[PDB]
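Below: the structure, in structure tokens.
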Amino acid sequence: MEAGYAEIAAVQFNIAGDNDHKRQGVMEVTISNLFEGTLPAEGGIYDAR
Amino acid sequence: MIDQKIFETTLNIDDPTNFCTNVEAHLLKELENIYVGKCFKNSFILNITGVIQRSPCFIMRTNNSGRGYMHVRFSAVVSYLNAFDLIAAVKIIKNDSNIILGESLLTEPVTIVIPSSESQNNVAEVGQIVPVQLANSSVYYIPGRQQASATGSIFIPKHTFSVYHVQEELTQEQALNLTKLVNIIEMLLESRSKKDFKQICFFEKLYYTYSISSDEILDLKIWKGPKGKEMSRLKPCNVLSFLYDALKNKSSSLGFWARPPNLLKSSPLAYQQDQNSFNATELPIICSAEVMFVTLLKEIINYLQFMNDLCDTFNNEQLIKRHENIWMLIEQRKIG
Amino acid sequence: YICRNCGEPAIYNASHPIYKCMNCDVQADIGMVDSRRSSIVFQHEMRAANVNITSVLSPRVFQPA
Amino acid sequence: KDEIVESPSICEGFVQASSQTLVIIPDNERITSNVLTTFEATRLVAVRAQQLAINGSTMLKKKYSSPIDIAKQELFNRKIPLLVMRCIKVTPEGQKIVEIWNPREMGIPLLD
Amino acid sequence: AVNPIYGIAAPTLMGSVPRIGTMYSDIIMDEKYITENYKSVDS
Ligand SMILES: [Zn+2]
């Protein structure tokens, strides 16, 4: 697969509800432990995802 | 199933000067290199039939490279798999860890996950081509993957069936949309005619719900196959003949259309009942003639393709010897 | 990389094959726009404030043919 | 039965712009100038020079050691293989009305 | 609000370059001229 060349023609602004946040987000923060070892703690706010 | 689809995409051209020398050939080559053998827009691309439309080889404004881009709309052959499709050849790469899964060995690549919940699934062994039916869940065509992903179980003909009620008489000028499909089934039946009748009989009696060794063969010029049981001594009608009756424009479409488990699935015959003479496992579905006829035609096409693929892939008696244990699973499950 | 179907930023990686859109899932149509990391950060900041930004990619144009 | 409202995602209500059709104005009906503007000549030369850097095949008989000179002499000698598209209008019906101009048959401005 | 991308500020804030000056007019390749004068690399 390849991503063809494209340009932005317009921008639409809207109020983002919780549904948009749930759909767009790639993970859910559950713990307050920032770091586990050198690598970021999984489920924290620095999760590599 | 195999179908014609139209996509439209944008192709980046690294050397526009060389690309434009033979635009059609270069565009076809690029489309084949990029899209053939990958899942795109909920469809698996098999080959590129042609380029319906295209645009001039523009030059990228935003970047300072001389590279160009071309909007191309192309018609290709794609494979879409619905629910309940039957896949004759499925090799089990790894039946272990209470999870099962196998890869299709047909023109439409698929990765099917078989649950360990069912005992029949656990019985199957690795390196064994086991026929499989996809579950009711839709097939997941992740873009960019070279094979579709689905969940299925070893095909065990189920006794429960459904009855369809037609409230609208035959749709007029939609008989042509149905004829598009009768053509596909005709091609499938012509293909089935070539192979030997004995292997077809073997597989039909293996997958016939009510196994019959009587060797009695219902003979229809398009279709020949061993006969089954008779319910209420009722007379089924060939779907192809009723569709041909479109010239008459009268087809008695209202009557309940149903195919009992006894009635061979590959056979075009289906029973028409004025009332709910067929036992209704579920309340007869209130559907139009379009929905029903398309449904019955799809089911028969699925079963005919299943049978042709079964005959082709098990063309060796020794492979059948290995898979007789799978056959025993099906036979043990079969009741009558 | 922006998904044409939904106009939202998407996930595309060529070396490691990734062609994914969180919103559309299947039916994703990724297109590569040229931009600046500053503009990306600006859009991410605006989204953080619960202002959804949808980018309408320029339409494809074909010869009459 | 009172009905509550749950706001759908914005993406669901978004419909992408439909594909357009390129409407090329006939040669005799063009109304834009037949003399390349300085911007258009500069863009043509720059694009041709970049493509020469990509692919070195050139029609010019004389030999030069720089892509810029090759592109300049191609424009001046009317051998440049590029075309100029002037987008006039984008109608709501889904048409892109444009004018296609051939640099080799156009007037060239004073670039020096 | 729906904001079309025109002028200088709007493309600039979106990371793109304004479509004016040298980028006002599109440049497309002359397929007819090339197919009669140039030869494919493979050919
Ligand atoms: Zn999307």
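In the structure tokens, the first chain shown is A, the next is B, and so on; residue numbers restart at 1 for each chain, and ligands run from 1 in the order shown.
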**Q.** Contacts of residue 62 (chain C) within 10 Å, only C-alpha atoms, excl. fewer than 4 positions in-chain, as a PyMOL selection string
**A.** (chain B and resi 8+52-56+70-73) or (chain D and resi 19-23+95-96)
Q. Where does DSSP see helix (DSSP H, G or I) in chain A, if you list the residues as a PyMOL selection string?
A. chain A and resi 18-24
Q | Within 12 Å of ligand 1 (only C-alpha atoms and all ligand atoms), residues as a ChimeraX atom specification | A | /A:23-24 /B:41,143 /C:1-12,19-31,54-57 /D:9-12,14-16
Take the residues from that selection and put them in a file with N, CA and C atoms, as a CSV table (one decimal), in the first residue's frame.
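See selection-v1.csv below for the written result:
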chain,number,residue,atom,x,y,z
A,23,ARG,N,-13.3,7.2,20.3
A,23,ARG,CA,-13.0,6.6,19.0
A,23,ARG,C,-11.6,6.9,18.6
A,24,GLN,N,-11.1,8.2,18.8
A,24,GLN,CA,-9.8,8.6,18.3
A,24,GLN,C,-8.7,8.0,19.2
B,41,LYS,N,-10.5,-1.2,0.8
B,41,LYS,CA,-11.9,-0.8,0.8
B,41,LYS,C,-12.8,-1.9,1.0
B,143,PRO,N,-7.2,-3.2,5.8
B,143,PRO,CA,-6.5,-2.6,4.7
B,143,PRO,C,-5.0,-3.0,4.7
C,1,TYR,N,-0.1,12.1,7.4
C,1,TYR,CA,-1.0,11.2,6.7
C,1,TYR,C,-2.4,11.5,7.3
C,2,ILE,N,-3.4,11.8,6.3
C,2,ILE,CA,-4.7,12.1,6.7
C,2,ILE,C,-5.7,11.2,5.9
C,3,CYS,N,-6.7,10.7,6.6
C,3,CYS,CA,-7.6,9.8,6.0
C,3,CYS,C,-8.6,10.6,5.2
C,4,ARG,N,-8.7,10.3,3.9
C,4,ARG,CA,-9.7,11.1,3.1
C,4,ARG,C,-11.1,10.8,3.5
C,5,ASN,N,-11.4,9.6,3.9
C,5,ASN,CA,-12.8,9.3,4.2
C,5,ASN,C,-13.4,10.1,5.3
C,6,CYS,N,-12.6,10.3,6.4
C,6,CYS,CA,-13.0,11.0,7.6
C,6,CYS,C,-12.3,12.3,7.8
C,7,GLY,N,-11.2,12.6,7.1
C,7,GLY,CA,-10.5,13.9,7.3
C,7,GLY,C,-9.8,14.0,8.6
C,8,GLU,N,-9.5,12.9,9.3
C,8,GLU,CA,-8.8,12.9,10.5
C,8,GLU,C,-7.4,12.3,10.3
C,9,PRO,N,-6.4,12.7,11.2
C,9,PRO,CA,-5.1,12.1,11.0
C,9,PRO,C,-5.1,10.6,11.2
C,10,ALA,N,-4.3,9.9,10.4
C,10,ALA,CA,-4.4,8.5,10.3
C,10,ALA,C,-3.0,7.9,10.6
C,11,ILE,N,-2.8,6.6,10.5
C,11,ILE,CA,-1.6,5.9,10.8
C,11,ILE,C,-1.1,5.2,9.5
C,12,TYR,N,0.1,5.6,9.1
C,12,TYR,CA,0.7,5.0,7.9
C,12,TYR,C,2.2,4.8,8.1
C,19,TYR,N,-1.4,0.4,7.7
C,19,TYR,CA,-2.3,1.2,7.0
C,19,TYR,C,-3.6,1.2,7.8
C,20,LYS,N,-3.7,2.2,8.7
C,20,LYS,CA,-4.8,2.1,9.7
C,20,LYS,C,-5.4,3.5,9.9
C,21,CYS,N,-6.7,3.5,10.1
C,21,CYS,CA,-7.5,4.7,10.5
C,21,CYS,C,-8.3,4.3,11.7
C,22,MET,N,-8.2,5.0,12.8
C,22,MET,CA,-8.9,4.7,14.0
C,22,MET,C,-10.4,4.8,13.8
C,23,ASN,N,-10.8,5.9,13.0
C,23,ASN,CA,-12.3,6.1,12.8
C,23,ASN,C,-12.9,5.2,11.8
C,24,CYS,N,-12.4,5.2,10.6
C,24,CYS,CA,-13.0,4.4,9.5
C,24,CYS,C,-12.8,3.0,9.6
C,25,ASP,N,-11.6,2.6,10.2
C,25,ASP,CA,-11.2,1.1,10.2
C,25,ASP,C,-11.1,0.7,8.7
C,26,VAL,N,-11.8,-0.3,8.3
C,26,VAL,CA,-11.9,-0.6,6.8
C,26,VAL,C,-12.5,0.7,6.2
C,27,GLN,N,-12.4,0.8,4.9
C,27,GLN,CA,-12.8,2.0,4.1
C,27,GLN,C,-11.9,3.2,4.3
C,28,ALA,N,-10.7,2.9,5.0
C,28,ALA,CA,-9.7,3.9,5.1
C,28,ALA,C,-9.1,4.3,3.8
C,29,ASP,N,-8.8,5.6,3.6
C,29,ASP,CA,-8.2,6.1,2.4
C,29,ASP,C,-7.1,7.1,2.8
C,30,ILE,N,-5.9,6.7,3.0
C,30,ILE,CA,-4.8,7.5,3.5
C,30,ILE,C,-4.2,8.4,2.4
C,31,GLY,N,-4.0,9.6,2.6
C,31,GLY,CA,-3.3,10.5,1.7
C,31,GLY,C,-2.2,11.3,2.4
C,54,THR,N,-11.3,18.7,11.2
C,54,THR,CA,-11.5,17.8,10.1
C,54,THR,C,-10.8,18.4,8.9
C,55,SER,N,-9.9,17.7,8.2
C,55,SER,CA,-9.2,18.2,7.0
C,55,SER,C,-9.9,17.7,5.8
C,56,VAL,N,-10.4,18.5,4.9
C,56,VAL,CA,-11.1,18.1,3.7
C,56,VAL,C,-10.0,18.1,2.6
C,57,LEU,N,-9.5,16.9,2.3
C,57,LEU,CA,-8.5,16.7,1.3
C,57,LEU,C,-9.1,17.2,-0.1
D,9,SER,N,-20.2,10.6,16.6
D,9,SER,CA,-18.9,11.1,16.3
D,9,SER,C,-19.0,12.0,15.0
D,10,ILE,N,-18.1,13.0,14.9
D,10,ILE,CA,-18.1,13.9,13.8
D,10,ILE,C,-17.8,13.2,12.5
D,11,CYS,N,-16.9,12.2,12.6
D,11,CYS,CA,-16.6,11.5,11.3
D,11,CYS,C,-17.8,10.9,10.6
D,12,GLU,N,-18.8,10.4,11.4
D,12,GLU,CA,-19.9,9.8,10.8
D,12,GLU,C,-20.7,10.8,9.9
D,14,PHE,N,-19.4,13.3,8.4
D,14,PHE,CA,-18.6,13.9,7.4
D,14,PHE,C,-18.7,13.0,6.1
D,15,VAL,N,-18.9,13.7,5.0
D,15,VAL,CA,-18.9,13.1,3.7
D,15,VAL,C,-17.8,13.8,2.8
D,16,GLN,N,-16.9,13.0,2.3
D,16,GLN,CA,-15.8,13.5,1.5
D,16,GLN,C,-16.3,14.1,0.2
Output as a Markdown table one row per residue of chain B within 12 Å of chain A: the closest atom pair and its distance in Å to one decimal place, counting only C-alpha atoms, sorted by chain and residue number ascending.
| residue | atom | partner | partner_atom | distance |
| --- | --- | --- | --- | --- |
| B:8 | CA | A:4 | CA | 10.9 |
| B:9 | CA | A:4 | CA | 7.2 |
| B:10 | CA | A:4 | CA | 4.7 |
| B:11 | CA | A:4 | CA | 5.3 |
| B:12 | CA | A:4 | CA | 5.8 |
| B:13 | CA | A:4 | CA | 9.6 |
| B:14 | CA | A:5 | CA | 11.6 |
| B:30 | CA | A:2 | CA | 10.8 |
| B:31 | CA | A:1 | CA | 10.2 |
| B:32 | CA | A:1 | CA | 11.1 |
| B:33 | CA | A:1 | CA | 9.2 |
| B:34 | CA | A:1 | CA | 5.7 |
| B:35 | CA | A:1 | CA | 6.6 |
| B:36 | CA | A:1 | CA | 9.7 |
| B:37 | CA | A:1 | CA | 10.2 |
| B:38 | CA | A:1 | CA | 7.9 |
| B:39 | CA | A:1 | CA | 9.3 |
| B:40 | CA | A:1 | CA | 8.9 |
| B:41 | CA | A:1 | CA | 11.9 |
| B:45 | CA | A:1 | CA | 11.8 |
| B:57 | CA | A:5 | CA | 11.9 |
| B:58 | CA | A:5 | CA | 10.3 |
| B:59 | CA | A:5 | CA | 9.9 |
| B:60 | CA | A:5 | CA | 7.5 |
| B:61 | CA | A:7 | CA | 9.2 |
| B:62 | CA | A:7 | CA | 8.2 |
| B:63 | CA | A:5 | CA | 10.1 |
| B:67 | CA | A:5 | CA | 10.0 |
| B:68 | CA | A:5 | CA | 8.5 |
| B:69 | CA | A:5 | CA | 6.4 |
| B:70 | CA | A:4 | CA | 8.7 |
| B:71 | CA | A:4 | CA | 8.8 |
| B:72 | CA | A:4 | CA | 10.7 |
| B:142 | CA | A:1 | CA | 11.9 |
| B:143 | CA | A:1 | CA | 8.4 |
| B:144 | CA | A:1 | CA | 5.9 |
| B:145 | CA | A:1 | CA | 9.2 |
| B:146 | CA | A:1 | CA | 10.4 |
Create the file for the chosen residues now, containing C-alpha atoms and written as a compact mmCIF listing (two decimals), in the first residue's frame.
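Printed below is selection00.txt as written:
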# COMPACT_ATOMS: atom_id res chain seq x y z
CA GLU B 8 -10.10 5.48 -7.33
CA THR B 9 -6.70 6.35 -5.87
CA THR B 10 -3.69 8.64 -6.30
CA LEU B 11 -0.37 7.23 -7.52
CA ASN B 12 2.96 8.97 -6.87
CA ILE B 13 5.33 9.01 -9.85
CA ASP B 14 9.02 9.34 -9.02
CA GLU B 30 2.01 0.39 -10.86
CA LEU B 31 -1.55 -0.62 -10.02
CA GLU B 32 -0.65 -4.31 -10.20
CA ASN B 33 2.44 -3.79 -8.04
CA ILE B 34 0.62 -1.74 -5.39
CA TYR B 35 -2.91 -3.12 -5.07
CA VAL B 36 -2.94 -6.71 -6.36
CA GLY B 37 -2.86 -9.20 -3.50
CA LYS B 38 -3.94 -6.78 -0.76
CA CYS B 39 -7.14 -5.87 1.05
CA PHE B 40 -8.52 -2.45 0.11
CA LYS B 41 -11.85 -0.76 0.83
CA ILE B 45 -7.83 -7.28 -4.92
CA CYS B 57 0.38 13.67 -14.54
CA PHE B 58 0.41 16.66 -12.19
CA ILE B 59 3.52 17.93 -10.40
CA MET B 60 3.60 18.07 -6.61
CA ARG B 61 3.38 21.68 -5.43
CA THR B 62 3.98 21.28 -1.71
CA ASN B 63 7.36 19.53 -2.00
CA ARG B 67 7.88 13.95 -8.59
CA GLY B 68 4.32 13.93 -9.90
CA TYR B 69 1.01 12.34 -9.02
CA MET B 70 -1.87 10.87 -11.00
CA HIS B 71 -5.48 10.29 -9.97
CA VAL B 72 -6.46 6.91 -11.43
CA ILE B 142 -8.02 -5.01 7.27
CA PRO B 143 -6.52 -2.64 4.66
CA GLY B 144 -3.04 -3.60 3.50
CA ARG B 145 -3.21 -7.22 4.64
CA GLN B 146 -2.53 -9.90 2.04
Q.
Based on the backbone DSSP call, show me all residues of chain A assigned strand (DSSP E or B), as a VMD selection string.
A. chain A and resid 4 to 5 8 to 15 35 40
Please produce a file of the residues just selected, as an mmCIF file, in the first residue's frame, where the atoms kept are C-alpha atoms.
data_model
loop_
_atom_site.group_PDB
_atom_site.id
_atom_site.type_symbol
_atom_site.label_atom_id
_atom_site.label_comp_id
_atom_site.auth_asym_id
_atom_site.auth_seq_id
_atom_site.Cartn_x
_atom_site.Cartn_y
_atom_site.Cartn_z
ATOM 1 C CA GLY A 4 -0.932 9.122 -2.577
ATOM 2 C CA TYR A 5 -0.116 12.804 -2.694
ATOM 3 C CA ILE A 8 -6.004 20.105 2.257
ATOM 4 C CA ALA A 9 -8.812 22.132 0.678
ATOM 5 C CA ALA A 10 -10.839 23.085 3.765
ATOM 6 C CA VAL A 11 -10.864 22.736 7.548
ATOM 7 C CA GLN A 12 -13.983 22.070 9.626
ATOM 8 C CA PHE A 13 -14.134 23.034 13.303
ATOM 9 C CA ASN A 14 -16.557 21.345 15.688
ATOM 10 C CA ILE A 15 -17.154 20.602 19.354
ATOM 11 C CA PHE A 35 7.589 5.283 34.689
ATOM 12 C CA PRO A 40 7.455 4.324 30.080
#
Q: Up to 9 Å from chain E, what residues of chain C turn up? Count only C-alpha atoms and give them as a list in words.
A: residues 33, 34, 35, 36, 37, 38, 39, 40, 42 and 43 of chain C
Residues of the last selection are to be written out with N, CA, C and O atoms, as an mmCIF file, in the first residue's frame.
data_model
loop_
_atom_site.group_PDB
_atom_site.id
_atom_site.type_symbol
_atom_site.label_atom_id
_atom_site.label_comp_id
_atom_site.auth_asym_id
_atom_site.auth_seq_id
_atom_site.Cartn_x
_atom_site.Cartn_y
_atom_site.Cartn_z
ATOM 1 N N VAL C 33 -0.215 14.393 3.011
ATOM 2 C CA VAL C 33 -0.107 15.836 2.849
ATOM 3 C C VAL C 33 1.242 16.263 3.406
ATOM 4 O O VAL C 33 1.797 15.628 4.309
ATOM 5 N N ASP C 34 1.795 17.332 2.846
ATOM 6 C CA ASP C 34 3.030 17.905 3.351
ATOM 7 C C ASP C 34 2.694 19.022 4.328
ATOM 8 O O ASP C 34 1.866 19.887 4.033
ATOM 9 N N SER C 35 3.338 19.002 5.489
ATOM 10 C CA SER C 35 3.002 19.926 6.559
ATOM 11 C C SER C 35 4.259 20.170 7.381
ATOM 12 O O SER C 35 5.354 19.726 7.022
ATOM 13 N N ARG C 36 4.099 20.872 8.497
ATOM 14 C CA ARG C 36 5.202 21.187 9.388
ATOM 15 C C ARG C 36 4.859 20.689 10.782
ATOM 16 O O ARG C 36 3.705 20.768 11.209
ATOM 17 N N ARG C 37 5.866 20.172 11.489
ATOM 18 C CA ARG C 37 5.622 19.664 12.835
ATOM 19 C C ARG C 37 4.993 20.728 13.721
ATOM 20 O O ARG C 37 4.237 20.400 14.641
ATOM 21 N N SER C 38 5.288 22.003 13.463
ATOM 22 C CA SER C 38 4.641 23.071 14.215
ATOM 23 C C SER C 38 3.136 23.070 13.982
ATOM 24 O O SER C 38 2.355 23.212 14.928
ATOM 25 N N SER C 39 2.709 22.903 12.729
ATOM 26 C CA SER C 39 1.279 22.851 12.438
ATOM 27 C C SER C 39 0.640 21.608 13.040
ATOM 28 O O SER C 39 -0.507 21.651 13.497
ATOM 29 N N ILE C 40 1.359 20.486 13.033
ATOM 30 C CA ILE C 40 0.844 19.272 13.656
ATOM 31 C C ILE C 40 0.627 19.495 15.145
ATOM 32 O O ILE C 40 -0.408 19.107 15.703
ATOM 33 N N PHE C 42 0.146 22.353 16.575
ATOM 34 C CA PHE C 42 -0.952 23.306 16.695
ATOM 35 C C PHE C 42 -2.299 22.597 16.621
ATOM 36 O O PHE C 42 -3.195 22.844 17.439
ATOM 37 N N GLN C 43 -2.457 21.703 15.645
ATOM 38 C CA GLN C 43 -3.708 20.963 15.513
ATOM 39 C C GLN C 43 -3.937 20.046 16.706
ATOM 40 O O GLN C 43 -5.069 19.908 17.180
#
Select residues of chain E: the criterion is any atom within 7 Å of an atom of chain B, counting only C-alpha atoms; output as a CSV table (one decimal) with C-alpha atoms, in the first residue's frame.
chain,number,residue,atom,x,y,z
E,16,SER,CA,1.1,24.0,3.4
E,17,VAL,CA,2.5,26.7,1.1
E,23,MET,CA,2.5,28.0,-7.6
E,27,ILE,CA,2.1,22.3,-14.3
E,28,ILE,CA,1.3,19.0,-16.0
E,29,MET,CA,3.5,16.8,-18.1
E,31,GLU,CA,2.4,13.1,-22.6
E,34,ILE,CA,7.2,12.9,-24.6
E,35,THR,CA,5.7,9.8,-26.2
E,38,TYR,CA,11.7,10.4,-25.5
E,39,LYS,CA,12.3,6.7,-25.0
E,40,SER,CA,11.5,4.7,-21.9
E,41,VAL,CA,14.4,3.7,-19.7
Using only C-alpha atoms, determine which residues lie at most 10 Å from residue 176 (chain B), disregarding the query and same-chain residues fewer than 6 positions distant; provide the list as a short mmCIF file (atom, residue, chain, number, x, y, z; two decimals) with C-alpha atoms, in the first residue's frame.
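Dumped to around.cif:
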data_model
loop_
_atom_site.label_atom_id
_atom_site.label_comp_id
_atom_site.auth_asym_id
_atom_site.auth_seq_id
_atom_site.Cartn_x
_atom_site.Cartn_y
_atom_site.Cartn_z
CA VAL B 182 -28.54 -17.34 -12.54
CA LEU B 243 -36.66 -17.63 -13.24
CA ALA B 246 -39.85 -14.36 -16.24
#
I need the chain D residues near chain B as a PDB file with N, CA and C atoms, in the first residue's frame; criterion: at most 9 Å, counting only C-alpha atoms.
ATOM      1  N   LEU D  22     -12.561  17.031 -15.200  1.00  0.00           N
ATOM      2  CA  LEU D  22     -11.734  18.079 -15.785  1.00  0.00           C
ATOM      3  C   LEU D  22     -12.354  18.551 -17.094  1.00  0.00           C
ATOM      4  N   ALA D  46      11.998  25.624 -13.314  1.00  0.00           N
ATOM      5  CA  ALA D  46      12.384  24.931 -12.089  1.00  0.00           C
ATOM      6  C   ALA D  46      11.961  23.469 -12.124  1.00  0.00           C
ATOM      7  N   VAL D  47      10.722  23.205 -12.545  1.00  0.00           N
ATOM      8  CA  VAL D  47      10.242  21.828 -12.602  1.00  0.00           C
ATOM      9  C   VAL D  47      11.057  21.028 -13.607  1.00  0.00           C
ATOM     10  N   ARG D  48      11.339  21.616 -14.771  1.00  0.00           N
ATOM     11  CA  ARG D  48      12.118  20.899 -15.772  1.00  0.00           C
ATOM     12  C   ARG D  48      13.531  20.627 -15.276  1.00  0.00           C
ATOM     13  N   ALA D  49      14.129  21.582 -14.560  1.00  0.00           N
ATOM     14  CA  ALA D  49      15.467  21.367 -14.019  1.00  0.00           C
ATOM     15  C   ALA D  49      15.470  20.244 -12.991  1.00  0.00           C
ATOM     16  N   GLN D  50      14.464  20.210 -12.116  1.00  0.00           N
ATOM     17  CA  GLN D  50      14.392  19.128 -11.137  1.00  0.00           C
ATOM     18  C   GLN D  50      14.219  17.779 -11.822  1.00  0.00           C
ATOM     19  N   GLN D  51      13.347  17.711 -12.830  1.00  0.00           N
ATOM     20  CA  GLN D  51      13.151  16.449 -13.534  1.00  0.00           C
ATOM     21  C   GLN D  51      14.392  16.045 -14.319  1.00  0.00           C
ATOM     22  N   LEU D  52      15.154  17.019 -14.821  1.00  0.00           N
ATOM     23  CA  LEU D  52      16.437  16.711 -15.443  1.00  0.00           C
ATOM     24  C   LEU D  52      17.406  16.131 -14.423  1.00  0.00           C
ATOM     25  N   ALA D  53      17.425  16.697 -13.216  1.00  0.00           N
ATOM     26  CA  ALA D  53      18.233  16.122 -12.148  1.00  0.00           C
ATOM     27  C   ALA D  53      17.809  14.690 -11.860  1.00  0.00           C
ATOM     28  N   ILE D  54      16.509  14.407 -11.959  1.00  0.00           N
ATOM     29  CA  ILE D  54      16.034  13.038 -11.772  1.00  0.00           C
ATOM     30  C   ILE D  54      16.418  12.173 -12.968  1.00  0.00           C
ATOM     31  N   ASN D  55      16.043  12.602 -14.173  1.00  0.00           N
ATOM     32  CA  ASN D  55      16.320  11.864 -15.401  1.00  0.00           C
ATOM     33  C   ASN D  55      17.032  12.792 -16.371  1.00  0.00           C
ATOM     34  N   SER D  57      17.732  12.628 -19.581  1.00  0.00           N
ATOM     35  CA  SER D  57      17.416  12.651 -21.005  1.00  0.00           C
ATOM     36  C   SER D  57      16.870  14.019 -21.393  1.00  0.00           C
ATOM     37  N   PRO D  81       9.048  19.834 -22.251  1.00  0.00           N
ATOM     38  CA  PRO D  81       7.983  18.832 -22.389  1.00  0.00           C
ATOM     39  C   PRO D  81       6.834  18.994 -21.404  1.00  0.00           C
TER      40      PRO D  81
END
Contacts of residue 197 (chain B) within 12 Å, only C-alpha atoms, excl. fewer than 2 positions in-chain, as a CSV table (one decimal) with N, CA, C and O atoms, in the first residue's frame:
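As a result, part.csv now contains:
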chain,number,residue,atom,x,y,z
B,192,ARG,N,-19.1,-28.0,-12.7
B,192,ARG,CA,-19.3,-29.2,-11.9
B,192,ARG,C,-19.5,-30.4,-12.9
B,192,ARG,O,-19.1,-31.5,-12.6
B,193,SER,N,-20.1,-30.2,-14.0
B,193,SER,CA,-20.4,-31.2,-15.0
B,193,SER,C,-19.1,-32.0,-15.4
B,193,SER,O,-19.1,-33.2,-15.7
B,194,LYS,N,-18.0,-31.2,-15.5
B,194,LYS,CA,-16.7,-31.8,-16.0
B,194,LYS,C,-16.2,-32.9,-15.1
B,194,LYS,O,-15.9,-34.0,-15.6
B,195,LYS,N,-16.1,-32.7,-13.8
B,195,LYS,CA,-15.5,-33.6,-12.9
B,195,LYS,C,-16.4,-34.9,-12.8
B,195,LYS,O,-17.5,-34.9,-13.1
B,199,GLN,N,-17.0,-38.9,-7.2
B,199,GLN,CA,-16.5,-38.1,-6.1
B,199,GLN,C,-17.6,-37.1,-5.7
B,199,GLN,O,-17.7,-36.9,-4.5
B,200,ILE,N,-18.3,-36.6,-6.6
B,200,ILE,CA,-19.4,-35.7,-6.3
B,200,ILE,C,-20.4,-36.4,-5.4
B,200,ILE,O,-20.9,-35.9,-4.4
B,201,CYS,N,-20.8,-37.7,-5.7
B,201,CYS,CA,-21.7,-38.5,-4.9
B,201,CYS,C,-21.1,-38.7,-3.5
B,201,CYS,O,-21.8,-38.6,-2.5
B,202,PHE,N,-19.8,-39.1,-3.5
B,202,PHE,CA,-19.2,-39.3,-2.2
B,202,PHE,C,-19.3,-38.1,-1.3
B,202,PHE,O,-19.8,-38.2,-0.1
B,203,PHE,N,-18.9,-36.9,-1.8
B,203,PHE,CA,-19.0,-35.7,-0.9
B,203,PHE,C,-20.5,-35.3,-0.6
B,203,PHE,O,-20.7,-34.9,0.5
B,204,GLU,N,-21.4,-35.5,-1.6
B,204,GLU,CA,-22.8,-35.2,-1.3
B,204,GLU,C,-23.4,-36.0,-0.2
B,204,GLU,O,-24.1,-35.5,0.7
B,215,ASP,N,-28.4,-44.8,-3.5
B,215,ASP,CA,-27.8,-44.7,-4.9
B,215,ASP,C,-28.9,-44.2,-5.9
B,215,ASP,O,-28.6,-44.2,-7.1
B,217,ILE,N,-30.6,-41.6,-8.0
B,217,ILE,CA,-30.1,-40.3,-8.5
B,217,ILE,C,-31.2,-39.5,-9.2
B,217,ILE,O,-31.8,-40.0,-10.2
B,223,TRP,N,-28.4,-30.5,-13.6
B,223,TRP,CA,-27.8,-31.0,-12.3
B,223,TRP,C,-28.3,-32.5,-12.1
B,223,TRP,O,-29.4,-32.8,-12.3
B,224,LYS,N,-27.3,-33.4,-11.8
B,224,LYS,CA,-27.6,-34.8,-11.5
B,224,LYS,C,-27.0,-35.1,-10.1
B,224,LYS,O,-25.8,-34.7,-9.8
B,225,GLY,N,-27.7,-35.8,-9.2
B,225,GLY,CA,-27.2,-36.1,-7.9
B,225,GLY,C,-28.1,-37.0,-7.2
B,225,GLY,O,-29.3,-37.1,-7.4
B,226,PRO,N,-27.5,-37.7,-6.2
B,226,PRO,CA,-28.3,-38.7,-5.4
B,226,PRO,C,-29.5,-38.1,-4.7
B,226,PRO,O,-29.5,-36.9,-4.3
B,307,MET,N,-19.0,-27.7,-3.3
B,307,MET,CA,-18.8,-29.1,-3.8
B,307,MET,C,-17.8,-29.2,-4.9
B,307,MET,O,-17.0,-30.1,-4.9
B,308,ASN,N,-17.7,-28.2,-5.8
B,308,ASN,CA,-16.7,-28.2,-6.8
B,308,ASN,C,-15.3,-28.2,-6.2
B,308,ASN,O,-14.4,-28.9,-6.6
B,311,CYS,N,-14.4,-31.5,-4.5
B,311,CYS,CA,-14.0,-32.5,-5.5
B,311,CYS,C,-12.6,-32.2,-6.0
B,311,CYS,O,-11.8,-33.1,-6.2
(Q) With only C-alpha atoms as the counted atoms, please give the residues lying no more than 9 Å from residue 122 (chain B), apart from itself and same-chain residues fewer than 4 positions off, as a count of residues only. (A) 10
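For the atom pair formed by CA of residue 8 (chain E) and CA of residue 21 (chain E), the distance is 11.1 Å, given to one decimal.
Across the structure, CA of residue 79 (chain B) and CA of residue 18 (chain D) are spaced 25.6 Å apart.
With CA of residue 163 (chain B) on one side and CA of residue 256 (chain B) on the other, the separation reads 7.0 Å.
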**Q.** For residue 288 (chain B): contacts at 10 Å, only C-alpha atoms, fewer than 2 positions along chain excluded, given as number ranges by chain
**A.** B: 164-171, 253-254, 285-286, 290-293
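Distance annotation: of C:14, C:51, C:58, C:63, the residue with the minimal separation from chain B is C:63; atom set is only C-alpha atoms.
Proximity ranking of C:32, C:61, C:49, C:41 relative to chain A places C:32 first, based on only C-alpha atoms.
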